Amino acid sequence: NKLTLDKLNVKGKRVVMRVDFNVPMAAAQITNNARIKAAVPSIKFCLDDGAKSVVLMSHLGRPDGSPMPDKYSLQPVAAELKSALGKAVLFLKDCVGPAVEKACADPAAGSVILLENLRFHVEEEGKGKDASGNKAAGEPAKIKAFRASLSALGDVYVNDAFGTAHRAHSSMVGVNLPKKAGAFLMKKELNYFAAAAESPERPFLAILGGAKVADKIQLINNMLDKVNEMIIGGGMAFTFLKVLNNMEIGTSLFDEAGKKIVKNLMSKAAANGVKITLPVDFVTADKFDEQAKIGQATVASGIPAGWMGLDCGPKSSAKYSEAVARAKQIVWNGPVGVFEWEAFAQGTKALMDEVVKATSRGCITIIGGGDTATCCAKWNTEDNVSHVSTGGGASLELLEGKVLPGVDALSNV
């Protein structure tokens, strides 16, 4: 129940749109467009429906509030967006101030304008570091002024920056305009997660991977309140196997703080009637290196001193596949092994194959932002799963059961 773009009247209006263009880069070059392309359907909707202008605003990297036009400029994105949009883009060297306001005042109808990095101003995050590297605090009156300037750039506001929705930054919660609508990406992201957090199809399987356990306690706990099954893989699994089974784990990752909560998580799973699938075999490595000598092990055999489990084995792949086969809805957050290294990416690759097949027969498959999304990109499965999230931190907070400041700030329907 929140206002979305498709239900917003834009004809003859200046649209001030927050987008998450915080794209990866490398030596003044974009290394992945995804976030830019993800926001194009919203930009076009506005143009096609007669918007007077669409003023795009975003942050890039973490300049921590000082104009770093040399390393963190959004200028390259303007030329990239012009190619994707097939339309000229007016790039402005600032995002607030009299001159920027004057430029967005009465733009030529159909104008697309891209503002400079919002994080060049400490008022966006509300805090930062000075030149010396010292932490500086934003001033309240300056915060108000900054927000009032952004508000002048449009008659209506659209937030399509899902990747930034967990941030209560000025551009996300401070735009004072009567109409604040979530755009098409934001809509899609919330639509699917509404699936995971409210009315999931069943069985509902949650696949949780990664290294640390302590930072995922809430994610695991929240998911235990909603799923029918849960696969616990990746490095996390070793804390569970060590505690529950007393498995010899070698130099495999072990979370000391998290190990103290393992029995409590299993207890909840039991009470909620959740079937937990943990790995039973592994692909070992003599060291955490892409080219480390590899081996094999099982929970029963244990992992040799010095060696570490970096991926699940064949038997674990079977059990995982069986869980996927039983699911009508799946939420996957975190690969099941070191996917970055080919030798330890096979379990993840195999699981992806199963998730893709599940989607083909009607399973609603939701891939979390970040690492899992990167895997979809690497193996070209974006068009093969139901949803691939554009925001790692944002989707994690949602799966944790948290309210997103950027979503909460939107108008209601």
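All residue numbers refer to positions in the sequence shown, first residue = 1.
Q: As stated in the PDB record, which stretch has the larger average Cα B-factor, 173 to 181 or 132 to 140?
A: Result of the comparison: 132 to 140.
Q: I need to verify one thing: averaged over C-alpha atoms only, is the B-factor higher for 78 to 86 or for 269 to 277?
A: Per the deposited B-factors, the answer is 78 to 86.
Q: Based on the PDB record, which member of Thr359, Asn33, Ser58, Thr348 exhibits the highest Cα temperature factor?
A: Of the options given, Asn33 has the highest CA B-factor in the PDB entry.
Q: Whose CA atom has the top B-factor in the entry, of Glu123, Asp311, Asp160, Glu201?
A: Among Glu123, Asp311, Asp160, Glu201, the PDB entry lists the largest C-alpha B-factor for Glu201.
Q: Please rank the C-alpha B-factors of the chain's modelled residues and tell me whether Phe193 sits in the lowest, middle or highest third.
A: Its C-alpha B-factor, which the entry lists for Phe193, ranks in the highest third among residues of this chain.
Q: What third of the chain, by the recorded C-alpha B-factor, contains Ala26?
A: Highest third of the chain for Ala26's C-alpha B-factor.
Q: Among the chain's modelled residues, which third holds the C-alpha B-factor of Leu398?
A: For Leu398, the deposited C-alpha B-factor lands in the middle third.
Q: Please rank the C-alpha B-factors of the chain's modelled residues and tell me whether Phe344 sits in the lowest, middle or highest third.
A: Bottom third by C-alpha B-factor.
Q: What third of its chain, lowest, middle or highest, does the C-alpha temperature factor of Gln218 fall into?
A: Tercile = lowest for this residue's CA B-factor.
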